[PDB]
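Novice: Experimental coordinates follow, after the sequence.
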Amino acid sequence: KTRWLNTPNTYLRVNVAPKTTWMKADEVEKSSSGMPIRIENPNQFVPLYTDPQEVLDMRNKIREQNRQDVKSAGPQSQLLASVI
Amino acid sequence: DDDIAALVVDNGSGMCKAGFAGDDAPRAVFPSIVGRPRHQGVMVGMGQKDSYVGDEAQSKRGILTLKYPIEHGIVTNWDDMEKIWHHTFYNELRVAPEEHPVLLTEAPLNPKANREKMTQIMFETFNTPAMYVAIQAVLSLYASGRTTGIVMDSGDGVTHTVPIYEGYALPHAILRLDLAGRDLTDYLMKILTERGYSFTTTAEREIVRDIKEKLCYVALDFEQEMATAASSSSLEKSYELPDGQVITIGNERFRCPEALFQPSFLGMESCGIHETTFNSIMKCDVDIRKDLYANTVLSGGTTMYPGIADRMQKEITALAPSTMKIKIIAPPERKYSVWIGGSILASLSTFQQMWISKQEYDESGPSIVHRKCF
Amino acid sequence: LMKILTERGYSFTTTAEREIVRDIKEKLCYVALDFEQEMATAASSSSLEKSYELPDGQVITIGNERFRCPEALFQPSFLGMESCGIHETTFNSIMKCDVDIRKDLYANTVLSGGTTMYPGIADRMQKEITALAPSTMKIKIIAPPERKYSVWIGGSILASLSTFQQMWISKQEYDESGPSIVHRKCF
Amino acid sequence: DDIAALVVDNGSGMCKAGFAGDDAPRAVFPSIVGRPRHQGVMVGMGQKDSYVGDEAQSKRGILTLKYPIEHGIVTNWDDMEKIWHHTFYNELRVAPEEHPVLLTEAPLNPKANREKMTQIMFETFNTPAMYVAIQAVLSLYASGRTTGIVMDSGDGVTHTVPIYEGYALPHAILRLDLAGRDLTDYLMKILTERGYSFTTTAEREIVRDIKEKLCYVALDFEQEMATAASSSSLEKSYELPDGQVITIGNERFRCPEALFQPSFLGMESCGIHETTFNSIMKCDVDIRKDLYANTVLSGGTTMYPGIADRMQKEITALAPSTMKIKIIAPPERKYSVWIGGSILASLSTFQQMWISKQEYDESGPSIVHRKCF
Amino acid sequence: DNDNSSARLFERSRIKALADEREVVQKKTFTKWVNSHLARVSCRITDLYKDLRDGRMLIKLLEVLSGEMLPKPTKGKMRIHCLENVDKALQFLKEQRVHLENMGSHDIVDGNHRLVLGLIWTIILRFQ
Amino acid sequence: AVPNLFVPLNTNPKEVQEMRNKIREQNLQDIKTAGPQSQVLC
Amino acid sequence: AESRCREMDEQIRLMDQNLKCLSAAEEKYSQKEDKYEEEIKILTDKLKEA
Amino acid sequence: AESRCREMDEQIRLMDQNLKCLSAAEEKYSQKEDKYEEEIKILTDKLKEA
Ligand SMILES: Nc1ncnc2c1ncn2[C@@H]1O[C@H](COP(=O)(O)OP(=O)(O)O)[C@@H](O)[C@H]1O
Ligand SMILES: Nc1ncnc2c1ncn2[C@@H]1O[C@H](COP(=O)(O)OP(=O)(O)O)[C@@H](O)[C@H]1O
Ligand SMILES: Nc1ncnc2c1ncn2[C@@H]1O[C@H](COP(=O)(O)OP(=O)(O)O)[C@@H](O)[C@H]1O
């Protein structure tokens, strides 16, 4: 039914010294030992409704641009676009 | 207002690869080494570099002590690893880290502190909007394009076998072996000692790694190959040092990678990679085994020696029952295959709902990585 | 236990390491009365931590894994096996018998073997088998303090009976009948 | 019983030789070969092409000293033949055809060294049987225990090997090219700071005598720097052969400290204590507490006063605190290898393990890898 | 050999072409931005890699962007004077807590393309 | 054959322990001894 | 010039080898498919007669 | 040296393009194999029960 995933440590939220910060909270400060994560059903990582053809179609689309050897470059930031 | 393509960053031990999502091949490939000077600087007016990072550090190997931030797939120096990540983001890809999502890879059986520290140092320092951690072998099988197979990824640092049947991965059948390229480099140094050549410094360890990459192969029959090497001197090759000195290897060409199949040379008592794959297959259920015998996938740089596929097919056929067909799938560009799969997983429209958001991180802490990703 | 000890960072791979891990299991393990409550208790504080000293001299703190290793006895889905736990196994074994003899079978449940020496195994076993059993029936578990050797003790009883002298397979009988004498002679 | 065997230890610095079953070697002499360099004018004094061993030490003024063994490797085989002939005929006065010989060499060496040694000891001296052994295993014989890690430091090379219950782990053997000759060269380098200059090969022996007489290992390095800077109580005076007087002072504990910090020589490698600790950690878990209790020092380089306390303190610092570290240094640890050789050479069960002459004839010089180790 | 030959052909085709094509366009956009800011002091750069070797253009660009006086460059045409000028510029970037990795004076002087592009991108992103 | 190729098996350690003590006895007792004299000399 | 000449000679060699292996793989590959085709037709006949 | 390296450049550029198509061809054959085997095996099973 339920599968348990253990974490040997515990992180504590600490205010900025705004940006969120998390803290180790080592064992000298009497922190909690084992943090449990419960999974009550299989295949929770994958969405339930999915067409199998889509992944293979996109694999073909990506791969044959090597075959046709494109001149495409990566995205550019907009701070460069503004000065133009 | 189109969504910007994510960044795919593959980090095994000993090499870092990075590129944009939706592209065929990564933009940047560079070794994951960091060096620091050891000698005294006497010329005034020189540049003040505390640490040489990445490929640049391999240019001036003579005056640095090279170190690796990852040992056996475990990041043992986080502040050092931050330098590789910063150099990747700002100098090679030169992209703003706050503007794109980042996808990362790791080994199967790792301490949870590795994943938690990766998530914490990615959100807190580089200030990414979203991130995800994906297992490498699943990405490689994505790159192969089949929805069912067993994949054995052997890279510098680690070797691991996972099976997948119809999109389901059995967790108890995952096997992990700490026999990798760095151990083979050390064994190559040890056996090159008795020929008459001595290498001690890490700068010479890089040279030994280059010799291993350039001149090695795997023999189909080990005893016959040793007898042939003893009878005649035809199996001999020459190499030139950066100093400039012709050395001749001879017998040691096919003995360095043979330690992959017989780990007793190193003193380790573990089984070979062929028996590791066989034991992973036999741990699975019966009705899938035939399919797992027909879809063996090799991945990683360590599987790039010539003759690995034929030797592994012969050995598995010697172990498997005779009535089944054993096929070994080895793409020519398999060394990059893991990264390629990541790009596909970064380009699916279905995947876009499963990025770990910054907002949910703010209330779930760095422990959301165990709940969200596999 | 060796697989789940990998998650904390400690690694054990050879045969001597398996012997060391078995010693760790024999020293520091127990079965929780309630899995959810004990897991939340370990989530609250750090009172469920023990330190074991390796033969190398290193000290490890196993902590949460003390009651997760024996819990595979009651929930074999951790290992991926299809079969369910020991308590419903003996419940099905009882249910395969006749209705008239079940009353004696509930009151005479005896535990034996090395694995059944985990602390708190009797209370958890009794609670689970009472949850499975009908409410009108009474449950009695029998846990000998020397259960680990009890089988051998039974053998010492069987070799002392005077009628048992008739049970022995003679050497002449074996020479006459081949190795297949044991099926017909031994029940 | 029959004829006794010969035990010969050929380190890089000095050669030792004796009969098996004896307590101490008969012949101990430096492994040098000297040849003259000046003009010879006195007619009728006779000629002498080479000076071998101790004879070259007394007349070292007019010779160029050369070492046949360099870093544990035999570079010039002709001088090795000369040394072996001198050992057999002038030092022990025995015919080599009647006696078997047992030889010693380093753990990690090129194959051609062993092959050529076997070919030389069979082809020219016509010995009936011979054998090759690792020096540190013989040290473990000399100690008399079945379990321990042994660290041997000679004039050519330093090596650590652990052995448990008679089984030696091959992957845990560590070799380091830091020895007494490198320390002698470093002493020659740091004696320049006070004004004394030694250049030729004759003065290298004077520097070696200075190092053997007036050097010691500091327990705490920085505290000794503070003490030597504060006062002049650490200075000692030595007399040169020509009659001049030198005074070392600070350099007494800086030359042997370089073993523990090889960065003084420019070497990247770790110290001897870290090498021993790493070689221990390369072993398995169950034998480590036995290796902590049986560390054995061997070789002449470990004859500095105060080496044992420094080694014990360093390894205690590196190891976990719950176990005890003891370092076993016998007072006669210079000749330990040779003593071990004797203990090996006349065992009753060892007599079946000699490499026979017929076996060499029918197998070539390649038989030494199949036997020995 | 055939698998290795095809694999390294895949590298030297795709990896090399993508990286080199990206750096060409990125260099053109960067040099246009730098010429845009450097019109105020009446200096301009034709090539990004060659003109930054002397280091006076970098000092002038930091003078433009920060609006405050830097130390004067040493009037020397030696190699070490070029290293001195580039070190002065990098030090001026160093006091104001702009983070740099793998940045050295000789990296700019010898003309490393990725390092120069990274320095220009860092100046664009973190200063303006 | 590969683990113990180099040594013969089933040997008592007491023999080696006896021989080390026998050699140490000469050191304790300070024995005069000469080397074996050759047959051709005789 | 001499360095980039060494580069491009290596290019010649590598992709010559790749042409070798690829054409040989195709030419050996064609024979097997015909054997599968003949087997299917003969197999059907054995089914229908039974 | 410069001119000879430039002259050899066109040859590498053109017969690299020659290599590219043959790659996809052998990939197509590798695809064609498998479904031929599976139709063989199902036909054999049906024949057996016949
Ligand atoms: N062409 C090659 N032939 C043989 N071995 C190689 C080759 N390329 C890389 N290797 C080995 O593979 C290792 C690199 O593995 P890699 O796949 O980069 O690991 P990761 O990608 O997980 O960091 C190197 O240590 C090297 O020893
Ligand atoms: N005191 C104990 N606590 C926990 N487990 C134990 C204890 N004693 C034994 N075991 C487990 O039981 C096993 C021994 O079982 P045992 O009854 O001896 O098997 P058998 O007698 O059938 O061979 C050991 O491997 C150990 O794992
Ligand atoms: N009493 C001593 N004190 C300090 N160092 C010594 C002493 N005796 C010898 N040494 C050093 O040891 C070297 C000789 O070591 P030795 O045992 O002869 O090596 P090997 O026998 O392996 O050649 C000398 O060069 C010297 O540097």
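Specialist: Nice, thanks for sending it over. Numbers count the residues shown, from 1 in each chain, chains lettered A, B, ... in the order given. Ligands and ions are numbered 1, 2, ... in the order given.
Novice: Please verify my assumption that residue B:251 contacts residue B:229.
Specialist: Yes - at 4.9 Å, residue B:251 and residue B:229 qualify as touching, with contact defined as Cβ atoms under 8 Å. No exception for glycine: its C-beta is placed from N, CA and C like everyone else's.
Novice: Secondary structure element holding residue F:8?
Specialist: Using DSSP states H and E, residue F:8 maps to neither a helix nor a strand.
Novice: Now that it has come up, it's in contact with residue D:349, right?
Specialist: Yes - with contact defined as Cβ under 8 Å, residue F:8 reaches residue D:349; the gap is 6.4 Å.
Novice: out of those two, which sits in the busier spot?
Specialist: residue D:349 (13 against 10; other Cβ atoms under 10 Å in any protein chain shown).
Novice: Ignoring the adjacent residues along the chain, who's closest to that one?
Specialist: Nearest residue to residue D:349, sequence neighbours excluded (Cβ to Cβ, 6 or more residues apart in numbering or on different chains): residue F:11, at 5.2 Å.
Novice: and that neighbour, how many neighbours?
Specialist: So residue F:11, with other Cβ under 10 Å, has 14 neighbours.
Novice: Could you pull out the helices in the chain for me?
Specialist: I'll assume chain A. A:53-68, A:78-83 (DSSP state H).
Novice: my question was about chain E
Specialist: Per DSSP H, chain E carries helices over the ranges E:2-10, E:16-37, E:48-51, E:56-66, E:79-95, E:105-109, E:113-126.
Novice: For residue G:19, which of those is the nearest?
Specialist: Nearest to residue G:19, of all those, is helix E:2-10, at 9.7 Å by Cβ to Cβ.
Novice: which residue does chain G bring closest to chain B?
Specialist: residue G:18 (9.0 Å; Cβ to the nearest Cβ).
Novice: Thought residue E:7 was touching that residue, still the case?
Specialist: No - using Cβ under 8 Å, residue G:18 is not in contact with residue E:7; the gap is 9.8 Å.
Novice: and those two? which has more neighbours close in?
Specialist: The residue with more neighbours, out of residue G:18 and residue E:7, is residue G:18; 24 against 20, by other Cβ under 10 Å.
Novice: who's in contact with the more buried one?
Specialist: The contact partners of residue G:18, by Cβ atoms under 8 Å, 6 or more residues apart in numbering or on different chains, come to E:2, E:5-6, E:9, H:19.
Novice: Nearest the middle, which residue of the chain would you pick?
Specialist: Let's take chain A. residue A:45 (11.5 Å; Cα atoms, centre = their mean).
Novice: I was thinking of chain E, sorry if that wasn't clear
Specialist: Mean-position check on chain E, Cα atoms, centre = their mean. Result residue E:116 at 2.6 Å.
Novice: Which residues of chain G lie near chain E?
Specialist: By Cβ under 8 Å from any Cβ of the partner chain, the residues of chain G that approach chain E are G:14-15, G:17-18, G:20-21.
Novice: ditto for chain A
Specialist: A:66, A:69, A:71, A:73-74, A:76, A:79-80, A:83-84.
Novice: ok, and the most crowded of those?
Specialist: residue A:74 (23 neighbours).
Novice: what ranges do the helices span in chain F?
Specialist: Under DSSP H, chain F gives helices at F:13-29.
Novice: List the residues that contact the residue of chain G positioned farthest from its centre.
Specialist: Distance from the centre of chain G peaks at residue G:50, with 38.5 Å (Cα atoms, centre = their mean). Contact analysis of residue G:50 by Cβ under 8 Å, 6+ apart lists H:47, H:50.
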